[PDB]
Every structure is written in structure tokens, then in C-alpha cells.
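Q: Can you read through this structure? Questions will come right after.
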Amino acid sequence: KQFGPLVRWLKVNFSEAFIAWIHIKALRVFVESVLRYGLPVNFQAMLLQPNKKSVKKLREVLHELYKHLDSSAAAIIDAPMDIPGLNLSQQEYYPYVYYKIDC
Amino acid sequence: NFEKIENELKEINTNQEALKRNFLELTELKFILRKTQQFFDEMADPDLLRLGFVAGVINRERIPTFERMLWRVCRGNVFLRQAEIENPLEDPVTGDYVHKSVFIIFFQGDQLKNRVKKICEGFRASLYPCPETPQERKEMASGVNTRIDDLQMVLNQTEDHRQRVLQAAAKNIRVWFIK
Amino acid sequence: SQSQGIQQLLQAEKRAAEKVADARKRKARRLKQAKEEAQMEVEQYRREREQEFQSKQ
Amino acid sequence: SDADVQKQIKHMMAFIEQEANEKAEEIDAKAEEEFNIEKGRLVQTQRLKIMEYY
Amino acid sequence: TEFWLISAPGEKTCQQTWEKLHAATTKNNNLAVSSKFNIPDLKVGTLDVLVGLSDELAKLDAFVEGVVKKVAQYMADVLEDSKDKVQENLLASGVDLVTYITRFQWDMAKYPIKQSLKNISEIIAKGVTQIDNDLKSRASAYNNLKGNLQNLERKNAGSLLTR
């Protein structure tokens, strides 16, 4: 009696939950893009899927390309651990705005 | 005689540290007040509430990491400036003479203010209060310029008093010990 | 060299502050204009009901 | 670097511009709303006093 | 599978960035498949408000990561007898999850673009928290029913004393 309704409800609700997930992803992207590149708004993001074992060369070439699109004069090389205070860094950094989806 | 000698020694010894701390704080504040106007040295046409402002002083060898951490936590829009303060100055708490850099940060609102002040305190800098207007700057400059000389005067005279009373004690301590 | 950044920041702050101040002045002026227009419409109703009262009498 | 200085300053001027714009438009909307509702208040109470008078 | 989102910050014009990131990159080598994420041009708040949203949407992403994949976990646990082809049982819409994501766009019908990022994120958070409690209730009810059937198995298990 109850298995069918539960599976139907979960089927419908995962769609809404994930749509909300990617909505939050997009808002995250937009806020971080504005902060990184102050106004006017000029951020038309890319969705990229890396290929088999492509990650190394792919990110090397992406970094080489974005050297000047995002200032290389700061960060990148190293960073201490900023535990003290309200917030601390939990993400890697690069000469670009990068986020991810774990499908 | 022993009670008074030791008690006065204790009291002067304790007060010396506090006076030292406050005098060093006021000295650093005077230096920051000095450099702040140079940082405004572009064009003085004006006769004299959204941008927030802070200033302080750091040790060398921290500057690049500190700057890049500010730039990464508050991306692209925390306006930090700095300059060297020539000749070392004692850290009042750390107790080391070390090379120093006066620094400033400008921000737009409360959220950035929180991050800036917290990262500063985490890096264990020294802020001290700072002005926003030329007359405030002059007020603080005079208030510190009198007080630094006053505290140095009292420090030196009280240290001379230490010297006198300690000589008086040492002249007789051996006989006191034997008795 | 270094000072121009602080100069521009302070002057932009001054400009924004003056703009928002003029906006607040606008708020006050428009509020008082609303007050005056309210009084004039009250006066129009008063005149009309004055005429009706005279007709009644 | 100079590129960082100019880009950061550009961003800050843009953001202070838009902060001033936001406050200006917000105070504009509030002033219009309070214009309407102050008309409402004053007109209604004074007209009701006139109601009692007549 | 995993997908990356890259800023693509204009370069004075959208095309001079997007075309070089996609076509020039893939022609340099086939290291990655490329497409556009179709960001919506939301209304911008104050920089201070945006810095607050920085933390808000920093924590919110980690929160929704948990909630959505908890929905997926309980989905699989309820459908354990046929959880194979899990990606279809999950798929929000389309034929494949990649097919879905490579076509994503801001959806007005669920939430409108006009309101502030504050309010929009708050309503999305309401949705996700309600989803969490709905799981905690309904999946727990199904779990209690399953445990009841296991109690039945215990009633039918062991020696005749236990049975």
C-alpha cells in the first residue's frame, strides 16, 4: 500500500530538490562573479566536463589562459589556515571562479 | 623598613610595566597619525557615512601573506594600503624590537568590517583608534604628543626613584641579612 | 602615487553621501507637499459641504 | 600591482555608485509611499472632523 | 559524474570569452566537453548585502548537497529491490542526468527573477528544509513499517520457543 506512493513522492521531490540545488549553485556563481569582477555584470559562465585523465593538462591550460583574466599577483601560490574569526577558507583557489556539481 | 622597601619596590616595578605599555601604544598611535595625512596628500580643496575605515601596524615578512589573505577573503574590494615605518619599535606585549609597516583598510559596510577586523585580530596586529577628519586628526595628534612626553617623563623619574631606593637598599642589605 | 587611491575613495564617499542627503531632502520636501495637497483637498471638501449646508438651511 | 589597483578602484567606485543608486531609489519609493499614505491620513481624519462639524 | 562551472568574465564582450573557451579550447584538444551555463541576469544588491550573501550561499550549498543526496539515499533504500539504473530513478527530468544539466536555465515559474537574492535564497532554503523534515517523517514511517516486517520475521524465526 505504502511503497508505491513513497516511491512516487520521492521521484517527484528529488526533481524539485535538485532544481533548488542548481539554483543555489547559480546564485553562488553570480554573487562570486560580481565580487570577483565588480559591476557592470559580464559573467557568462561555462559548464565543463573533463575527459578521461584530462584533469591535469586541462587545468594547467586553463590556468595559463586565465593568468591575466584574473590577477595572478595574489593568492594561488600558497595560503595559511585562517581558522580565527567568523569564517575560514574551505575551497581551493585559481585565477577564476570555479564551482562544481557532483552528479 | 624591610616592609616599606619591598612594598615600594613592588609598586614601582608593577607600575613601570603599565606605563611602558601605554607609552609604547601612544608612540605607535603617533606614528600612524603621522603617516595617515601623507596618505591623504593629493589635493586639499575641501574645508575638511558609508565607507568604513581602519588602520594599524604589522610586522614585516607578514605583509604579502596578509595582503593576499585579505584579497582572497574579501575578493577584489577591500582597499588596503601600507608603508614602512623606518627604524624598529618595541612591541609593547611581544617585547621585541622589529621592523614595522603602517597599514590601512577601507571597506563598504558592516559585513566587510567584520571580516577585516577579525582577520586583523587573527593576524594579531595593533589597530588603536584612528580619526576620520582633519580636526579629529589634530585632536588625536596633540593628545598623544602631550601624553607620550608625559609618560616618558614619569617613566624616567620613577626609574631614577628606583635607582635611588635600590641603592639605599643595597648599601645596607648585607647587614640587614645578617641581622 | 599612493595618495590618489585614498583621495578618489574619499571623494567618491563624499559624492555618494551628498547624493543620499539630497535624496532625503527630496523625501522631506515631497512629504510636506503631500501635507499641503491634503490640506487643499480637505479645503475643497469643506467648500463643497459648505455649499450643501447652505442649501440645507 | 597597478592593474590590481586600477581594477579594484574601478570595482569600488562601481559598487559605491550602485549603493548610492539603491539608497536613492529606496528612499524614492519610501517617499512616494509615505506621500500617498500621508495624503490618506491627513485627508481622512480632517474630512471626518468636517463630517462631524457639518 | 562531475561538472565544473567557470566564471567566463566577459573580456569586453561575451563572445570573445565564450567562443575561445569552447571552440578554441576543444580544437586545441578534446580535454573537456564545453557548454554555456546560462546565468540569469539577476538584480544586484549592495556590495555589503552581497558580502552577506557570500556566507549565506557558501553554507547553503553544503546544506543542499546533504539534503538532495539524502533524498537520493532514501530513494535507493526504499527502492532497494530495483535501485539499479539509479540515475533514471533519480533524474529530475530528461532522458539522462547529463542531458538535464547541460540544458539548465534559471526557472521563473518556480521562483521569480525580480526579487532580491536574499528572499530567493530564503524561499529555496524553506523548500530544502521542508524536504528534510518530510524525509525524516515519511521515510521514517516506511522504515518503521519495514522494521515491523522484520519483527514479523523474528516472530517466524529461530526455535519454536522464539517463534
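Convention: chains lettered A, B, ... in C-alpha cells order; per-chain residue numbering from 1; ligands numbered from 1 as shown.
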Could you build a table of the residues in chain D lying no more than 10 Å from chain E, giving for each the nearest pair of atoms and their separation in Å rounded to one decimal place, using only C-alpha atoms, ordered by chain and ascending residue number, as JSON lines?
A:
```
{"residue": "D:12", "atom": "CA", "partner": "E:47", "partner_atom": "CA", "distance": 9.0}
{"residue": "D:14", "atom": "CA", "partner": "E:47", "partner_atom": "CA", "distance": 9.7}
{"residue": "D:15", "atom": "CA", "partner": "E:47", "partner_atom": "CA", "distance": 6.1}
{"residue": "D:16", "atom": "CA", "partner": "E:47", "partner_atom": "CA", "distance": 8.0}
{"residue": "D:17", "atom": "CA", "partner": "E:46", "partner_atom": "CA", "distance": 9.7}
{"residue": "D:18", "atom": "CA", "partner": "E:46", "partner_atom": "CA", "distance": 6.8}
{"residue": "D:19", "atom": "CA", "partner": "E:46", "partner_atom": "CA", "distance": 5.3}
{"residue": "D:20", "atom": "CA", "partner": "E:46", "partner_atom": "CA", "distance": 9.0}
{"residue": "D:21", "atom": "CA", "partner": "E:46", "partner_atom": "CA", "distance": 9.4}
{"residue": "D:22", "atom": "CA", "partner": "E:46", "partner_atom": "CA", "distance": 7.2}
{"residue": "D:23", "atom": "CA", "partner": "E:46", "partner_atom": "CA", "distance": 9.2}
```
Q: Please determine the contact residues of chain A with respect to chain D at a cut-off of 10 Å, counting only C-alpha atoms, and supply them as a ChimeraX atom specification.
A: /A:34-40,68,70-74
Q: Filtering to N, CA and C atoms, could you give me those residues as a short mmCIF file (atom, residue, chain, number, x, y, z; two decimals), in the first residue's frame?
A:
```cif
data_model
loop_
_atom_site.label_atom_id
_atom_site.label_comp_id
_atom_site.auth_asym_id
_atom_site.auth_seq_id
_atom_site.Cartn_x
_atom_site.Cartn_y
_atom_site.Cartn_z
N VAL A 34 30.24 38.56 -9.39
CA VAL A 34 30.17 40.01 -9.20
C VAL A 34 31.30 40.47 -8.30
N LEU A 35 31.50 39.78 -7.17
CA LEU A 35 32.56 40.18 -6.25
C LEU A 35 33.92 40.13 -6.92
N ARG A 36 34.19 39.06 -7.66
CA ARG A 36 35.47 38.92 -8.35
C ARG A 36 35.63 39.96 -9.45
N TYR A 37 34.56 40.24 -10.19
CA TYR A 37 34.55 41.17 -11.31
C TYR A 37 33.41 42.13 -11.03
N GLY A 38 33.72 43.19 -10.28
CA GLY A 38 32.73 44.20 -9.97
C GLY A 38 31.99 44.69 -11.20
N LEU A 39 30.92 45.43 -10.94
CA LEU A 39 29.95 45.76 -11.97
C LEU A 39 30.60 46.65 -13.04
N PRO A 40 30.03 46.68 -14.25
CA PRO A 40 28.78 46.03 -14.70
C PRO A 40 28.89 44.51 -14.83
N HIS A 68 45.85 36.29 -16.95
CA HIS A 68 45.55 37.72 -17.00
C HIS A 68 44.07 38.03 -16.86
N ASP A 70 42.25 36.81 -14.65
CA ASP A 70 42.15 37.03 -13.22
C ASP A 70 43.56 37.16 -12.65
N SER A 71 43.77 38.21 -11.85
CA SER A 71 45.12 38.63 -11.50
C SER A 71 45.91 37.50 -10.85
N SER A 72 47.09 37.22 -11.41
CA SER A 72 48.00 36.24 -10.83
C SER A 72 48.84 36.82 -9.70
N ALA A 73 48.74 38.12 -9.44
CA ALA A 73 49.57 38.77 -8.44
C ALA A 73 49.21 38.39 -7.01
N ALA A 74 48.09 37.68 -6.81
CA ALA A 74 47.62 37.36 -5.47
C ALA A 74 47.25 35.89 -5.37
#
```
Q: Chain B residues within 12 Å of chain D, counting only C-alpha atoms: which ones, as a PyMOL selection string?
A: chain B and resi 49-52+67-68+71+74-81+106-109
Q: Can you check which residues of chain D have any atom within 9 Å of chain C? Use only C-alpha atoms and format it as number ranges by chain.
A: D: 5-6, 9, 12-13, 16-17, 19-21, 23-25, 27-28, 30-32, 34-44, 46-47, 50-51, 54
Q: Do you know which residues are at most 12 Å from region 92-103 of chain B counting only C-alpha atoms, after dropping those on the same chain fewer than 6 positions away, and could you put them as number ranges by chain?
A: B: 17-36, 38-39, 53-64, 66-67, 79-86, 120, 124-128, 130
Q: With a distance cut-off of 12 Å and only C-alpha atoms, select the neighbouring residues of residue 42 (chain E), excluding the residue or stretch itself and same-chain residues fewer than 3 positions from it, and output the selection as a PyMOL selection string.
A: (chain A and resi 26-31+34+40-43) or (chain E and resi 38-39+45+106+108+112-118+120)
Q: Write out as a ChimeraX atom specification each polymer residue whose atoms come within 12 Å of residue 63 (chain A), counting only C-alpha atoms; drop sequence neighbours fewer than 2 positions from it.
A: /A:55-61,65-72,76,93-98 /E:6
Q: For CA of residue 45 (chain A) and CA of residue 5 (chain E), quote the distance in Å rounded to one decimal.
A: 6.5 Å
Q: Each residue of chain E lying at most 6 Å from chain A should get a row with its shortest atom-to-atom pair and the distance in Å to one decimal, counting only C-alpha atoms; could you produce that, ordered by chain and increasing number, as a Markdown table?
A:
```
| residue | atom | partner | partner_atom | distance |
| --- | --- | --- | --- | --- |
| E:1 | CA | A:103 | CA | 5.1 |
| E:2 | CA | A:102 | CA | 4.8 |
| E:3 | CA | A:101 | CA | 5.1 |
| E:4 | CA | A:100 | CA | 4.6 |
| E:5 | CA | A:47 | CA | 4.9 |
| E:6 | CA | A:98 | CA | 4.9 |
| E:7 | CA | A:45 | CA | 4.7 |
| E:8 | CA | A:45 | CA | 4.8 |
| E:9 | CA | A:43 | CA | 4.5 |
| E:10 | CA | A:42 | CA | 4.7 |
| E:31 | CA | A:54 | CA | 5.3 |
| E:32 | CA | A:50 | CA | 4.3 |
| E:33 | CA | A:49 | CA | 5.1 |
| E:34 | CA | A:48 | CA | 4.7 |
| E:35 | CA | A:47 | CA | 5.1 |
| E:36 | CA | A:46 | CA | 4.7 |
| E:37 | CA | A:47 | CA | 5.4 |
| E:57 | CA | A:28 | CA | 5.6 |
| E:64 | CA | A:21 | CA | 5.9 |
| E:68 | CA | A:17 | CA | 5.7 |
| E:92 | CA | A:15 | CA | 3.7 |
```
Q: Store the residues picked out above in a file with C-alpha atoms, as an mmCIF file, in the first residue's frame.
A:
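Written out: result_13.cif:
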```
data_model
loop_
_atom_site.group_PDB
_atom_site.id
_atom_site.type_symbol
_atom_site.label_atom_id
_atom_site.label_comp_id
_atom_site.auth_asym_id
_atom_site.auth_seq_id
_atom_site.Cartn_x
_atom_site.Cartn_y
_atom_site.Cartn_z
ATOM 1 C CA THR E 1 29.830 12.139 -12.697
ATOM 2 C CA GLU E 2 31.209 15.635 -12.050
ATOM 3 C CA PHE E 3 30.644 19.002 -13.722
ATOM 4 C CA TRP E 4 32.613 22.262 -13.495
ATOM 5 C CA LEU E 5 31.359 25.854 -13.599
ATOM 6 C CA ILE E 6 33.831 28.524 -14.740
ATOM 7 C CA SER E 7 33.328 32.280 -14.486
ATOM 8 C CA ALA E 8 33.853 33.365 -18.109
ATOM 9 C CA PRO E 9 34.259 37.057 -17.136
ATOM 10 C CA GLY E 10 33.330 38.961 -20.284
ATOM 11 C CA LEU E 31 40.345 17.678 -22.946
ATOM 12 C CA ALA E 32 36.779 18.592 -21.954
ATOM 13 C CA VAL E 33 33.242 18.978 -23.253
ATOM 14 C CA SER E 34 32.114 22.612 -23.109
ATOM 15 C CA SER E 35 28.771 24.421 -22.966
ATOM 16 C CA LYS E 36 27.130 27.539 -21.544
ATOM 17 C CA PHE E 37 25.590 27.578 -18.065
ATOM 18 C CA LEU E 57 25.265 30.797 -0.263
ATOM 19 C CA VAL E 64 21.591 21.312 -0.056
ATOM 20 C CA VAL E 68 19.354 16.280 -2.069
ATOM 21 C CA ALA E 92 14.729 15.308 -12.303
#
```
Q: Identify every residue of chain B that has at least one atom within 6 Å of any atom of chain C, counting only C-alpha atoms, and report the result as a list in words.
A: residues 39, 40, 41 and 42 of chain B
Q: Per DSSP on the backbone, filter region 2-92 of chain A down to the residues in strand (DSSP E) and report them as number ranges by chain.
A: A: 46-50
Q: Got time to write the residues from that selection, C-alpha atoms, as a tab-separated table (two decimals), in the first residue's frame?
A:
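The resulting again.tsv:
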```tsv
chain	number	residue	atom	x	y	z
A	46	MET	CA	30.96	27.77	-18.79
A	47	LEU	CA	29.80	24.25	-17.96
A	48	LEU	CA	32.74	21.88	-18.50
A	49	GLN	CA	33.05	18.11	-18.25
A	50	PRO	CA	36.66	16.87	-18.05
```
Q: Which of these, E:50, E:58, E:152, E:14, has the shortest distance to chain B once you count only C-alpha atoms?
A: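 Closest candidate: E:50.
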Q: Could you state the separation of CA of residue 129 (chain E) and CA of residue 60 (chain E) in Å, given to one decimal place?
A: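 Calculated distance between CA of residue 129 (chain E) and CA of residue 60 (chain E) is 10.8 Å.
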Q: I want to know what sits within 9 Å of residue 122 (chain B), based on only C-alpha atoms, with residues of the same chain fewer than 5 positions away left out; could you give that as a list in words?
A: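 Listing them by chain and then by number gives residues 82, 83, 84 and 85 of chain A; 117 of chain B.
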Q: Quick one: write out the picked residues with N, CA, C and O atoms as a JSON list (two decimals), in the first residue's frame?
A:
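Saved result, result14.json, follows:
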```json
[["chain", "number", "residue", "atom", "x", "y", "z"],
["A", 82, "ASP", "N", 43.20, 30.03, 7.91],
["A", 82, "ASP", "CA", 42.55, 31.16, 8.58],
["A", 82, "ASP", "C", 41.41, 30.72, 9.49],
["A", 82, "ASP", "O", 40.27, 31.16, 9.34],
["A", 83, "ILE", "N", 41.71, 29.85, 10.46],
["A", 83, "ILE", "CA", 40.69, 29.43, 11.42],
["A", 83, "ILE", "C", 40.16, 30.61, 12.23],
["A", 83, "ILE", "O", 38.93, 30.74, 12.36],
["A", 84, "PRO", "N", 40.99, 31.48, 12.80],
["A", 84, "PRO", "CA", 40.46, 32.52, 13.67],
["A", 84, "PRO", "C", 39.46, 33.40, 12.94],
["A", 84, "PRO", "O", 39.63, 33.73, 11.76],
["A", 85, "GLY", "N", 38.40, 33.76, 13.64],
["A", 85, "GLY", "CA", 37.39, 34.65, 13.10],
["A", 85, "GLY", "C", 36.13, 33.94, 12.66],
["A", 85, "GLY", "O", 35.90, 32.75, 12.90],
["B", 117, "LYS", "N", 38.18, 43.29, 10.51],
["B", 117, "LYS", "CA", 38.63, 43.37, 11.90],
["B", 117, "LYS", "C", 39.00, 41.99, 12.43],
["B", 117, "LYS", "O", 39.99, 41.84, 13.16]]
```
Q: Step one, run DSSP on the backbone; step two, keep only residues of chain A assigned to alpha helix (DSSP H); then write them as number ranges by chain.
A: A: 3-36, 55-66
Q: Include C-alpha atoms and write out the residues we just selected as a short mmCIF file (atom, residue, chain, number, x, y, z; two decimals), in the first residue's frame.
A:
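File written: out_4.cif
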```cif
data_model
loop_
_atom_site.label_atom_id
_atom_site.label_comp_id
_atom_site.auth_asym_id
_atom_site.auth_seq_id
_atom_site.Cartn_x
_atom_site.Cartn_y
_atom_site.Cartn_z
CA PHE A 3 5.69 1.57 -1.10
CA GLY A 4 4.20 2.91 -4.33
CA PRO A 5 3.16 6.31 -3.00
CA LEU A 6 6.53 6.72 -1.30
CA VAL A 7 8.48 5.99 -4.48
CA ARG A 8 6.26 8.36 -6.47
CA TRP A 9 6.67 11.12 -3.89
CA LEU A 10 10.44 10.70 -3.77
CA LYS A 11 10.61 10.60 -7.57
CA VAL A 12 8.80 13.93 -7.87
CA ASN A 13 10.57 15.54 -4.92
CA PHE A 14 14.13 14.74 -5.98
CA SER A 15 13.50 16.79 -9.12
CA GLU A 16 12.49 19.86 -7.12
CA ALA A 17 15.28 19.34 -4.58
CA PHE A 18 17.95 19.13 -7.29
CA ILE A 19 16.49 22.08 -9.20
CA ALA A 20 16.84 24.06 -5.99
CA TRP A 21 20.38 22.72 -5.64
CA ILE A 22 21.38 24.05 -9.05
CA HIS A 23 19.50 27.29 -8.38
CA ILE A 24 21.68 27.78 -5.30
CA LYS A 25 24.69 26.87 -7.44
CA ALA A 26 23.78 29.58 -9.94
CA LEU A 27 23.20 32.23 -7.27
CA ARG A 28 26.52 31.29 -5.68
CA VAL A 29 28.18 31.66 -9.08
CA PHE A 30 26.57 35.05 -9.70
CA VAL A 31 27.45 36.55 -6.32
CA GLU A 32 31.04 35.32 -6.51
CA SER A 33 31.34 36.50 -10.12
CA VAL A 34 30.17 40.01 -9.20
CA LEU A 35 32.56 40.18 -6.25
CA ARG A 36 35.47 38.92 -8.35
CA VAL A 55 42.23 16.98 -15.41
CA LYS A 56 45.96 17.75 -15.21
CA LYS A 57 46.58 19.21 -18.67
CA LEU A 58 43.08 20.71 -18.65
CA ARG A 59 43.60 22.76 -15.51
CA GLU A 60 47.18 23.62 -16.45
CA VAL A 61 46.00 25.11 -19.75
CA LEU A 62 43.01 26.79 -18.09
CA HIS A 63 45.30 28.44 -15.54
CA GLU A 64 47.70 29.52 -18.28
CA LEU A 65 44.77 31.03 -20.19
CA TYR A 66 43.27 32.81 -17.17
#
```
